[PDB]
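What follows is the content of data-v8.pdb, which has PDB, C-alpha atoms and all ligand atoms:
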ATOM      1  CA  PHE A  15      52.696 -22.763 -23.337
ATOM      2  CA  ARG A  16      53.760 -20.433 -26.147
ATOM      3  CA  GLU A  17      52.531 -21.966 -29.371
ATOM      4  CA  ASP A  18      54.393 -19.867 -32.001
ATOM      5  CA  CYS A  19      57.806 -21.388 -30.981
ATOM      6  CA  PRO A  20      60.222 -23.356 -33.254
ATOM      7  CA  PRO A  21      59.117 -26.908 -33.334
ATOM      8  CA  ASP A  22      61.139 -29.562 -31.437
ATOM      9  CA  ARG A  23      62.282 -32.826 -33.177
ATOM     10  CA  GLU A  24      59.013 -34.573 -32.235
ATOM     11  CA  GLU A  25      56.819 -31.674 -33.376
ATOM     12  CA  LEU A  26      58.813 -31.292 -36.594
ATOM     13  CA  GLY A  27      58.397 -35.043 -37.145
ATOM     14  CA  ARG A  28      54.591 -34.973 -36.687
ATOM     15  CA  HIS A  29      54.380 -32.036 -39.141
ATOM     16  CA  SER A  30      56.612 -33.835 -41.601
ATOM     17  CA  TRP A  31      54.858 -37.258 -41.512
ATOM     18  CA  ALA A  32      51.521 -35.404 -42.010
ATOM     19  CA  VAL A  33      52.957 -33.601 -45.038
ATOM     20  CA  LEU A  34      54.490 -36.729 -46.514
ATOM     21  CA  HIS A  35      51.507 -39.036 -45.986
ATOM     22  CA  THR A  36      49.179 -36.406 -47.284
ATOM     23  CA  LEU A  37      51.268 -35.876 -50.448
ATOM     24  CA  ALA A  38      51.275 -39.700 -50.920
ATOM     25  CA  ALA A  39      47.557 -40.108 -50.367
ATOM     26  CA  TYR A  40      46.919 -37.806 -53.397
ATOM     27  CA  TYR A  41      49.668 -39.023 -55.726
ATOM     28  CA  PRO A  42      48.227 -40.530 -58.915
ATOM     29  CA  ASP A  43      47.054 -44.169 -59.181
ATOM     30  CA  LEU A  44      48.687 -44.111 -62.617
ATOM     31  CA  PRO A  45      51.526 -41.560 -62.439
ATOM     32  CA  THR A  46      53.382 -40.684 -65.585
ATOM     33  CA  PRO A  47      57.092 -41.617 -65.802
ATOM     34  CA  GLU A  48      58.079 -38.017 -64.996
ATOM     35  CA  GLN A  49      55.775 -37.906 -61.890
ATOM     36  CA  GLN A  50      57.397 -41.213 -60.712
ATOM     37  CA  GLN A  51      60.896 -39.682 -61.147
ATOM     38  CA  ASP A  52      59.801 -36.423 -59.545
ATOM     39  CA  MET A  53      58.346 -38.119 -56.423
ATOM     40  CA  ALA A  54      61.504 -40.250 -55.924
ATOM     41  CA  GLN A  55      63.609 -37.138 -56.237
ATOM     42  CA  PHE A  56      61.316 -35.205 -53.863
ATOM     43  CA  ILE A  57      61.812 -37.892 -51.216
ATOM     44  CA  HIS A  58      65.550 -37.885 -51.828
ATOM     45  CA  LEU A  59      65.723 -34.050 -51.547
ATOM     46  CA  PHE A  60      63.561 -34.151 -48.433
ATOM     47  CA  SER A  61      66.099 -36.477 -46.780
ATOM     48  CA  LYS A  62      68.975 -34.200 -47.822
ATOM     49  CA  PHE A  63      67.522 -31.101 -46.060
ATOM     50  CA  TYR A  64      65.718 -32.684 -43.108
ATOM     51  CA  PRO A  65      67.302 -30.717 -40.281
ATOM     52  CA  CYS A  66      67.651 -33.342 -37.597
ATOM     53  CA  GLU A  67      71.142 -34.839 -38.475
ATOM     54  CA  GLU A  68      70.465 -38.085 -36.615
ATOM     55  CA  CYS A  69      67.037 -38.342 -38.248
ATOM     56  CA  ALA A  70      68.521 -37.505 -41.675
ATOM     57  CA  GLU A  71      71.577 -39.832 -41.731
ATOM     58  CA  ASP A  72      69.505 -42.684 -40.260
ATOM     59  CA  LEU A  73      66.973 -41.818 -42.897
ATOM     60  CA  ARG A  74      69.404 -41.577 -45.787
ATOM     61  CA  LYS A  75      70.696 -45.015 -44.778
ATOM     62  CA  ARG A  76      67.093 -46.343 -44.639
ATOM     63  CA  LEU A  77      66.374 -45.020 -48.122
ATOM     64  CA  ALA A  78      69.546 -46.574 -49.460
ATOM     65  CA  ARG A  79      68.322 -49.921 -47.976
ATOM     66  CA  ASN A  80      64.783 -49.417 -49.292
ATOM     67  CA  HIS A  81      64.128 -47.232 -52.267
ATOM     68  CA  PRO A  82      60.868 -45.218 -52.669
ATOM     69  CA  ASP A  83      58.420 -47.263 -54.676
ATOM     70  CA  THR A  84      56.576 -44.517 -56.675
ATOM     71  CA  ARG A  85      55.094 -46.705 -59.431
ATOM     72  CA  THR A  86      51.465 -46.055 -58.220
ATOM     73  CA  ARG A  87      49.572 -44.437 -55.348
ATOM     74  CA  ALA A  88      48.989 -47.908 -53.758
ATOM     75  CA  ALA A  89      52.701 -48.823 -53.845
ATOM     76  CA  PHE A  90      53.836 -45.410 -52.687
ATOM     77  CA  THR A  91      51.385 -44.875 -49.823
ATOM     78  CA  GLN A  92      52.235 -48.384 -48.608
ATOM     79  CA  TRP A  93      55.986 -47.942 -49.050
ATOM     80  CA  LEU A  94      55.816 -44.756 -47.018
ATOM     81  CA  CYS A  95      53.732 -46.403 -44.336
ATOM     82  CA  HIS A  96      56.332 -49.218 -44.119
ATOM     83  CA  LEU A  97      59.112 -46.602 -44.008
ATOM     84  CA  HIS A  98      57.365 -44.683 -41.147
ATOM     85  CA  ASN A  99      56.855 -48.056 -39.250
ATOM     86  CA  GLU A 100      60.583 -48.738 -39.393
ATOM     87  CA  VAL A 101      61.061 -45.342 -37.628
ATOM     88  CA  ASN A 102      58.330 -46.239 -35.177
ATOM     89  CA  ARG A 103      60.045 -49.583 -34.383
ATOM     90  CA  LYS A 104      63.432 -47.916 -34.020
ATOM     91  CA  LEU A 105      61.894 -45.587 -31.448
ATOM     92  CA  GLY A 106      59.903 -48.250 -29.562
ATOM     93  CA  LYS A 107      56.541 -47.147 -30.865
ATOM     94  CA  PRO A 108      53.978 -49.698 -32.026
ATOM     95  CA  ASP A 109      53.380 -50.550 -35.728
ATOM     96  CA  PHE A 110      50.692 -48.533 -37.570
ATOM     97  CA  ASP A 111      48.455 -50.907 -39.573
ATOM     98  CA  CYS A 112      49.224 -49.900 -43.123
ATOM     99  CA  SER A 113      45.853 -51.076 -44.303
ATOM    100  CA  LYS A 114      44.377 -48.018 -42.503
ATOM    101  CA  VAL A 115      46.472 -45.410 -44.430
ATOM    102  CA  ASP A 116      43.699 -44.286 -46.773
ATOM    103  CA  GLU A 117      41.343 -43.891 -43.884
ATOM    104  CA  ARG A 118      43.917 -42.017 -41.715
ATOM    105  CA  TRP A 119      45.339 -39.675 -44.436
ATOM    106  CA  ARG A 120      42.705 -39.313 -47.155
ATOM    107  CA  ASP A 121      39.194 -40.527 -46.608
ATOM    108  CA  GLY A 122      38.639 -40.581 -42.839
ATOM    109  CA  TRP A 123      37.664 -43.572 -40.710
ATOM    110  CA  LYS A 124      34.846 -45.688 -42.084
ATOM    111  CA  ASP A 125      32.747 -45.374 -38.957
ATOM    112  CA  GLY A 126      32.420 -41.638 -39.733
ATOM    113  CA  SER A 127      34.441 -40.550 -36.668
ATOM    114  CA  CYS A 128      36.115 -37.742 -38.682
ATOM    115  CA  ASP A 129      32.904 -36.168 -40.123
TER     116      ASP A 129
ATOM    117  CA  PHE B  15      37.297 -34.156 -31.659
ATOM    118  CA  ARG B  16      39.077 -37.115 -33.253
ATOM    119  CA  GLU B  17      42.686 -36.107 -33.714
ATOM    120  CA  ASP B  18      43.999 -38.907 -36.000
ATOM    121  CA  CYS B  19      41.845 -37.664 -38.970
ATOM    122  CA  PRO B  20      43.126 -36.512 -42.420
ATOM    123  CA  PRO B  21      44.118 -32.935 -42.163
ATOM    124  CA  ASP B  22      41.904 -30.239 -43.764
ATOM    125  CA  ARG B  23      43.407 -27.559 -46.120
ATOM    126  CA  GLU B  24      44.155 -25.256 -43.160
ATOM    127  CA  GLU B  25      45.730 -28.018 -41.060
ATOM    128  CA  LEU B  26      47.736 -29.283 -44.036
ATOM    129  CA  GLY B  27      48.886 -25.694 -44.621
ATOM    130  CA  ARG B  28      50.063 -25.183 -41.008
ATOM    131  CA  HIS B  29      51.980 -28.497 -41.196
ATOM    132  CA  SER B  30      53.485 -27.523 -44.521
ATOM    133  CA  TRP B  31      54.579 -23.955 -43.589
ATOM    134  CA  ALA B  32      56.189 -25.427 -40.417
ATOM    135  CA  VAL B  33      58.077 -27.964 -42.535
ATOM    136  CA  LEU B  34      59.161 -25.414 -45.110
ATOM    137  CA  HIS B  35      60.233 -22.685 -42.681
ATOM    138  CA  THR B  36      62.040 -25.200 -40.575
ATOM    139  CA  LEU B  37      63.938 -26.611 -43.585
ATOM    140  CA  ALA B  38      64.850 -22.989 -44.535
ATOM    141  CA  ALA B  39      65.965 -22.007 -41.059
ATOM    142  CA  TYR B  40      68.661 -24.763 -41.214
ATOM    143  CA  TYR B  41      69.756 -24.395 -44.836
ATOM    144  CA  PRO B  42      73.419 -23.378 -45.089
ATOM    145  CA  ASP B  43      74.617 -19.745 -44.861
ATOM    146  CA  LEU B  44      77.013 -20.692 -47.662
ATOM    147  CA  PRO B  45      75.334 -23.499 -49.636
ATOM    148  CA  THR B  46      77.270 -25.213 -52.362
ATOM    149  CA  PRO B  47      76.028 -24.825 -55.965
ATOM    150  CA  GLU B  48      74.429 -28.290 -55.823
ATOM    151  CA  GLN B  49      72.590 -27.486 -52.515
ATOM    152  CA  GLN B  50      71.275 -24.246 -54.167
ATOM    153  CA  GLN B  51      70.001 -26.269 -57.179
ATOM    154  CA  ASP B  52      68.603 -28.978 -54.921
ATOM    155  CA  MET B  53      66.625 -26.524 -52.728
ATOM    156  CA  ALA B  54      65.125 -24.758 -55.794
ATOM    157  CA  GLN B  55      64.125 -28.115 -57.191
ATOM    158  CA  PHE B  56      62.706 -29.227 -53.817
ATOM    159  CA  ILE B  57      60.463 -26.155 -53.760
ATOM    160  CA  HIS B  58      59.444 -26.762 -57.358
ATOM    161  CA  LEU B  59      58.628 -30.455 -56.643
ATOM    162  CA  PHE B  60      56.749 -29.463 -53.502
ATOM    163  CA  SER B  61      54.497 -27.199 -55.597
ATOM    164  CA  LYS B  62      53.934 -29.988 -58.137
ATOM    165  CA  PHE B  63      52.564 -32.463 -55.528
ATOM    166  CA  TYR B  64      50.871 -30.108 -53.065
ATOM    167  CA  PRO B  65      47.414 -31.662 -52.992
ATOM    168  CA  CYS B  66      45.192 -28.623 -52.776
ATOM    169  CA  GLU B  67      44.708 -27.790 -56.554
ATOM    170  CA  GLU B  68      43.736 -24.180 -55.862
ATOM    171  CA  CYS B  69      46.675 -23.814 -53.472
ATOM    172  CA  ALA B  70      49.025 -25.498 -55.980
ATOM    173  CA  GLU B  71      48.091 -23.640 -59.210
ATOM    174  CA  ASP B  72      48.004 -20.310 -57.338
ATOM    175  CA  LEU B  73      51.325 -21.351 -55.923
ATOM    176  CA  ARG B  74      52.872 -22.471 -59.190
ATOM    177  CA  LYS B  75      51.863 -19.095 -60.639
ATOM    178  CA  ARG B  76      53.420 -17.315 -57.610
ATOM    179  CA  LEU B  77      56.683 -19.200 -58.064
ATOM    180  CA  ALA B  78      56.752 -18.362 -61.747
ATOM    181  CA  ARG B  79      56.361 -14.658 -60.730
ATOM    182  CA  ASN B  80      58.965 -14.955 -57.964
ATOM    183  CA  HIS B  81      61.633 -17.585 -58.107
ATOM    184  CA  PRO B  82      63.103 -19.204 -54.935
ATOM    185  CA  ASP B  83      66.197 -17.301 -53.926
ATOM    186  CA  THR B  84      68.414 -20.130 -52.506
ATOM    187  CA  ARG B  85      71.794 -18.361 -52.687
ATOM    188  CA  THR B  86      72.145 -18.287 -48.823
ATOM    189  CA  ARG B  87      70.150 -19.046 -45.677
ATOM    190  CA  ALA B  88      69.411 -15.283 -45.220
ATOM    191  CA  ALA B  89      68.049 -14.888 -48.770
ATOM    192  CA  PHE B  90      66.096 -18.120 -48.660
ATOM    193  CA  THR B  91      64.481 -17.757 -45.231
ATOM    194  CA  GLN B  92      63.483 -14.216 -46.216
ATOM    195  CA  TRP B  93      62.249 -15.214 -49.672
ATOM    196  CA  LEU B  94      60.086 -17.884 -48.092
ATOM    197  CA  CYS B  95      58.762 -15.485 -45.497
ATOM    198  CA  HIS B  96      57.836 -13.039 -48.306
ATOM    199  CA  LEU B  97      56.235 -15.916 -50.242
ATOM    200  CA  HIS B  98      54.151 -16.988 -47.173
ATOM    201  CA  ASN B  99      53.093 -13.270 -46.641
ATOM    202  CA  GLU B 100      51.744 -13.113 -50.183
ATOM    203  CA  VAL B 101      49.523 -16.124 -49.247
ATOM    204  CA  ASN B 102      48.581 -14.416 -46.012
ATOM    205  CA  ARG B 103      47.576 -11.229 -47.907
ATOM    206  CA  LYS B 104      45.615 -13.211 -50.477
ATOM    207  CA  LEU B 105      43.651 -14.767 -47.627
ATOM    208  CA  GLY B 106      43.133 -11.549 -45.628
ATOM    209  CA  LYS B 107      45.573 -12.449 -42.897
ATOM    210  CA  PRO B 108      48.018  -9.872 -41.555
ATOM    211  CA  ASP B 109      51.705  -9.702 -42.635
ATOM    212  CA  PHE B 110      54.230 -11.683 -40.540
ATOM    213  CA  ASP B 111      57.273  -9.487 -39.784
ATOM    214  CA  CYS B 112      60.012 -11.268 -41.665
ATOM    215  CA  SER B 113      62.637  -9.927 -39.331
ATOM    216  CA  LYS B 114      61.247 -12.353 -36.694
ATOM    217  CA  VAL B 115      61.764 -15.538 -38.812
ATOM    218  CA  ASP B 116      64.890 -16.740 -37.014
ATOM    219  CA  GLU B 117      63.232 -16.248 -33.688
ATOM    220  CA  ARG B 118      59.962 -17.969 -34.781
ATOM    221  CA  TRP B 119      61.511 -20.967 -36.659
ATOM    222  CA  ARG B 120      65.012 -21.520 -35.284
ATOM    223  CA  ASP B 121      66.150 -19.782 -32.155
ATOM    224  CA  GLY B 122      63.003 -18.911 -30.192
ATOM    225  CA  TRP B 123      61.882 -15.457 -29.077
ATOM    226  CA  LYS B 124      64.570 -13.313 -27.502
ATOM    227  CA  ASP B 125      62.600 -12.727 -24.330
ATOM    228  CA  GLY B 126      62.956 -16.470 -23.599
ATOM    229  CA  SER B 127      59.215 -17.178 -24.000
ATOM    230  CA  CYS B 128      59.962 -20.521 -25.734
ATOM    231  CA  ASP B 129      62.403 -21.925 -23.100
TER     232      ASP B 129
HETATM  233  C1  LIG A 201      61.545 -38.676 -42.094
HETATM  234  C2  LIG A 201      61.553 -38.654 -40.604
HETATM  235  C3  LIG A 201      62.653 -39.211 -39.906
HETATM  236  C4  LIG A 201      62.679 -39.173 -38.534
HETATM  237  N1  LIG A 201      63.733 -39.764 -37.857
HETATM  238  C5  LIG A 201      63.779 -39.729 -36.481
HETATM  239  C6  LIG A 201      64.851 -40.319 -35.784
HETATM  240  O1  LIG A 201      65.795 -40.836 -36.397
HETATM  241  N2  LIG A 201      64.845 -40.252 -34.405
HETATM  242  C7  LIG A 201      63.795 -39.646 -33.729
HETATM  243  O2  LIG A 201      63.782 -39.562 -32.519
HETATM  244  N3  LIG A 201      62.724 -39.094 -34.409
HETATM  245  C8  LIG A 201      62.721 -39.140 -35.787
HETATM  246  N4  LIG A 201      61.642 -38.585 -36.462
HETATM  247  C9  LIG A 201      60.527 -37.996 -35.663
HETATM  248  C10 LIG A 201      59.609 -39.218 -35.265
HETATM  249  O3  LIG A 201      59.439 -40.216 -36.306
HETATM  250  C11 LIG A 201      58.221 -38.757 -34.792
HETATM  251  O4  LIG A 201      57.585 -37.889 -35.723
HETATM  252  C12 LIG A 201      58.222 -38.034 -33.428
HETATM  253  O5  LIG A 201      58.955 -38.834 -32.513
HETATM  254  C13 LIG A 201      56.776 -37.888 -32.970
HETATM  255  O6  LIG A 201      56.212 -39.208 -32.894
HETATM  256  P1  LIG A 201      54.629 -39.388 -32.631
HETATM  257  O7  LIG A 201      54.427 -40.444 -31.605
HETATM  258  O8  LIG A 201      54.053 -38.100 -32.180
HETATM  259  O9  LIG A 201      53.981 -39.898 -34.030
HETATM  260  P2  LIG A 201      54.570 -39.747 -35.518
HETATM  261  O10 LIG A 201      55.570 -40.830 -35.763
HETATM  262  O11 LIG A 201      55.120 -38.343 -35.818
HETATM  263  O12 LIG A 201      53.266 -39.999 -36.425
HETATM  264  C14 LIG A 201      52.211 -39.083 -36.521
HETATM  265  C15 LIG A 201      50.941 -39.877 -36.821
HETATM  266  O13 LIG A 201      51.013 -40.596 -38.005
HETATM  267  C16 LIG A 201      50.239 -41.820 -37.954
HETATM  268  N5  LIG A 201      51.194 -42.908 -38.215
HETATM  269  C17 LIG A 201      52.101 -43.541 -37.349
HETATM  270  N6  LIG A 201      52.759 -44.448 -38.081
HETATM  271  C18 LIG A 201      52.334 -44.399 -39.368
HETATM  272  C19 LIG A 201      52.678 -45.127 -40.494
HETATM  273  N7  LIG A 201      53.622 -46.109 -40.472
HETATM  274  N8  LIG A 201      52.048 -44.813 -41.629
HETATM  275  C20 LIG A 201      51.048 -43.853 -41.717
HETATM  276  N9  LIG A 201      50.665 -43.185 -40.592
HETATM  277  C21 LIG A 201      51.347 -43.435 -39.454
HETATM  278  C22 LIG A 201      49.702 -41.941 -36.560
HETATM  279  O14 LIG A 201      48.451 -41.326 -36.663
HETATM  280  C23 LIG A 201      50.627 -40.979 -35.838
HETATM  281  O15 LIG A 201      49.977 -40.386 -34.768
HETATM  282  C24 LIG A 201      61.625 -38.592 -37.841
HETATM  283  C25 LIG A 201      60.554 -38.011 -38.521
HETATM  284  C26 LIG A 201      60.517 -38.060 -39.898
HETATM  285  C27 LIG A 201      59.361 -37.407 -40.613
HETATM  286  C1  LIG A 202      52.478 -23.549 -50.108
HETATM  287  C2  LIG A 202      51.133 -23.276 -49.527
HETATM  288  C3  LIG A 202      50.116 -22.738 -50.354
HETATM  289  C4  LIG A 202      48.867 -22.506 -49.831
HETATM  290  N1  LIG A 202      47.892 -21.931 -50.632
HETATM  291  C5  LIG A 202      46.632 -21.699 -50.127
HETATM  292  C6  LIG A 202      45.632 -21.125 -50.936
HETATM  293  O1  LIG A 202      45.853 -20.865 -52.126
HETATM  294  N2  LIG A 202      44.386 -20.915 -50.377
HETATM  295  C7  LIG A 202      44.141 -21.236 -49.048
HETATM  296  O2  LIG A 202      43.049 -21.075 -48.547
HETATM  297  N3  LIG A 202      45.131 -21.769 -48.243
HETATM  298  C8  LIG A 202      46.377 -21.997 -48.788
HETATM  299  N4  LIG A 202      47.365 -22.532 -47.973
HETATM  300  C9  LIG A 202      47.040 -22.804 -46.541
HETATM  301  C10 LIG A 202      47.224 -21.419 -45.803
HETATM  302  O3  LIG A 202      48.358 -20.634 -46.256
HETATM  303  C11 LIG A 202      47.322 -21.596 -44.280
HETATM  304  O4  LIG A 202      48.314 -22.543 -43.899
HETATM  305  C12 LIG A 202      46.003 -22.027 -43.603
HETATM  306  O5  LIG A 202      44.975 -21.162 -44.062
HETATM  307  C13 LIG A 202      46.179 -21.893 -42.095
HETATM  308  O6  LIG A 202      46.517 -20.524 -41.821
HETATM  309  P1  LIG A 202      46.968 -20.094 -40.331
HETATM  310  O7  LIG A 202      46.266 -18.838 -39.957
HETATM  311  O8  LIG A 202      46.639 -21.182 -39.382
HETATM  312  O9  LIG A 202      48.562 -19.793 -40.398
HETATM  313  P2  LIG A 202      49.632 -20.310 -41.479
HETATM  314  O10 LIG A 202      49.572 -19.435 -42.688
HETATM  315  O11 LIG A 202      49.492 -21.804 -41.812
HETATM  316  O12 LIG A 202      51.027 -20.078 -40.712
HETATM  317  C14 LIG A 202      51.439 -20.852 -39.620
HETATM  318  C15 LIG A 202      52.343 -19.977 -38.753
HETATM  319  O13 LIG A 202      53.468 -19.522 -39.424
HETATM  320  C16 LIG A 202      53.904 -18.224 -38.951
HETATM  321  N5  LIG A 202      53.878 -17.342 -40.128
HETATM  322  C17 LIG A 202      52.800 -16.671 -40.729
HETATM  323  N6  LIG A 202      53.299 -16.018 -41.787
HETATM  324  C18 LIG A 202      54.627 -16.267 -41.899
HETATM  325  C19 LIG A 202      55.587 -15.828 -42.793
HETATM  326  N7  LIG A 202      55.298 -14.989 -43.827
HETATM  327  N8  LIG A 202      56.832 -16.276 -42.609
HETATM  328  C20 LIG A 202      57.207 -17.099 -41.554
HETATM  329  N9  LIG A 202      56.271 -17.476 -40.637
HETATM  330  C21 LIG A 202      54.994 -17.094 -40.855
HETATM  331  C22 LIG A 202      52.893 -17.761 -37.948
HETATM  332  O14 LIG A 202      53.431 -18.218 -36.741
HETATM  333  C23 LIG A 202      51.732 -18.672 -38.305
HETATM  334  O15 LIG A 202      50.968 -18.952 -37.185
HETATM  335  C24 LIG A 202      48.612 -22.797 -48.499
HETATM  336  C25 LIG A 202      49.599 -23.359 -47.687
HETATM  337  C26 LIG A 202      50.857 -23.581 -48.202
HETATM  338  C27 LIG A 202      51.902 -24.208 -47.313
END

So, in terms of structure tokens, how does the structure I just supplied come out?
Ligand SMILES: Cc1cc2nc3c(=O)[nH]c(=O)nc-3n(C[C@H](O)[C@H](O)[C@H](O)COP(=O)(O)OP(=O)(O)OC[C@H]3O[C@@H](n4cnc5c(N)ncnc54)[C@H](O)[C@@H]3O)c2cc1C
Ligand SMILES: Cc1cc2nc3c(=O)[nH]c(=O)nc-3n(C[C@H](O)[C@H](O)[C@H](O)COP(=O)(O)OP(=O)(O)OC[C@H]3O[C@@H](n4cnc5c(N)ncnc54)[C@H](O)[C@@H]3O)c2cc1C
Amino acid sequence: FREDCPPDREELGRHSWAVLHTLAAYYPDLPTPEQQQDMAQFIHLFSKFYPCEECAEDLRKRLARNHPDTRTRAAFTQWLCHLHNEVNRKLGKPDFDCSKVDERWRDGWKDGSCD
Amino acid sequence: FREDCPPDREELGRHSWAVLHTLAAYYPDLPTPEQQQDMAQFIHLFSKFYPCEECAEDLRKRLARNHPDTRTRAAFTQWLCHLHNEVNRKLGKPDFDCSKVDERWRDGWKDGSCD
């Protein structure tokens, strides 16, 4: 019941996926070379400091198997959605439909259910 | 009432301070030179992509005025608490007592109110 407590692994995960998907949703459609480098490196550095060891190793192996595609906002928001679905699958959670990621993390649902 | 909606600036901020303070709380007490460099750069890259423009410019000016101290976990968790209090003050919110940051973001309150 006490809200201002350290978050657990699941709470830290929800915070972290919200931060990552939100950063992705606003990344440029046409990023410069340096922004593309900087986002890849951000993701790398995120995985280095993520404080759940099991999460982070798993994750660093995932990233080795599937490198951040930061060429454009489309590629990068989708890449990150595919990444997050691998973690969902690993954990027995259903796939998120990646075609909804702009709705979910930038624009809101088209039916107006977020307004 | 619909929970799976894009977060607003305040919601994105709570997610983001939770992610940052949590990363800090678990940073090493004796980080290697490369970890020290990597955390400074992480913070820099975070400020580059943070998607609230007003938040980010403000923030990039703050960081120019007061560089991330990543020499140790003590210095870095405190630095980040001081940073977050400047944003609190800017916004008319009261100071967070930085002496509580291990309790709040790693260990839980000493009275056991998080157990
Ligand atoms: C980088 C990272 C690695 C992690 N590794 C582990 C691990 O190894 N083991 C472990 O137990 N936990 C791990 N976690 C935590 C875990 O993924 C969940 O965050 C936590 O279990 C809470 O799950 P949840 O059901 O609340 O939804 P979350 O997975 O946290 O998702 C939050 C919301 O995002 C939306 N969403 C779901 N999937 C996608 C998607 N593919 N794309 C866009 N939006 C989506 C949905 O609205 C969902 O409610 C990791 C978290 C992160 C950020
Ligand atoms: C980097 C960054 C820059 C931002 N810039 C702006 C801006 O320019 N303008 C704007 O309107 N909003 C900005 N925000 C959002 C803003 O700071 C708040 O997150 C948002 O207004 C919600 O505030 P809150 O009252 O819910 O608590 P938050 O400030 O989000 O804090 C969440 C919790 O952290 C704990 N806490 C509070 N202070 C500290 C501290 N100093 N150290 C450790 N723990 C603490 C408390 O438990 C608090 O409830 C920024 C957010 C971030 C992450």

With a distance cut-off of 10 Å and all atoms listed in the file, select the neighbouring residues of residue 25 in chain A, excluding the residue or stretch itself and same-chain residues fewer than 4 positions from it, and output the selection as an mmCIF file with C-alpha atoms, keeping the file's coordinate frame.
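Okay, this is what ended up in around.cif:
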data_model
loop_
_atom_site.group_PDB
_atom_site.id
_atom_site.type_symbol
_atom_site.label_atom_id
_atom_site.label_comp_id
_atom_site.auth_asym_id
_atom_site.auth_seq_id
_atom_site.Cartn_x
_atom_site.Cartn_y
_atom_site.Cartn_z
ATOM 1 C CA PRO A 20 60.222 -23.356 -33.254
ATOM 2 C CA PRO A 21 59.117 -26.908 -33.334
ATOM 3 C CA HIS A 29 54.380 -32.036 -39.141
ATOM 4 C CA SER A 30 56.612 -33.835 -41.601
ATOM 5 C CA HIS B 29 51.980 -28.497 -41.196
ATOM 6 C CA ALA B 32 56.189 -25.427 -40.417
ATOM 7 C CA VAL B 33 58.077 -27.964 -42.535
#

Kindly indicate which residue among A:41, A:15, A:56, A:110 lies nearest to ligand LIG 201 (chain A), using all atoms listed in the file for the distances.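 That would be A:110, the residue with the smallest distance to ligand LIG 201 (chain A).
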
Selection as a ChimeraX atom specification: residues within 7 Å of ligand LIG 202 (chain A) by only C-alpha atoms and all ligand atoms: /A:18 /B:23-28,30-32,35,61,68-70,72-73,94-99,101-102,105,109-110,112,115,118

Which residue of A:44, A:34, A:54, A:128 approaches ligand LIG 201 (chain A) most closely, using all atoms listed in the file: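 Nearest candidate to ligand LIG 201 (chain A) out of A:44, A:34, A:54, A:128: A:34.
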
State, in Å with one decimal place, the distance from atom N2 of ligand LIG 201 (chain A) to CA of residue 22 in chain A.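 Atom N2 of ligand LIG 201 (chain A) sits 11.7 Å away from CA of residue 22 in chain A.
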
Give as a ChimeraX atom specification the residues that the PyMOL selection byres (((chain B and resi 88-91) around 8) and not hetatm) matches when applied to the coordinates above. /B:35,38-39,43,82-87,92-95,115
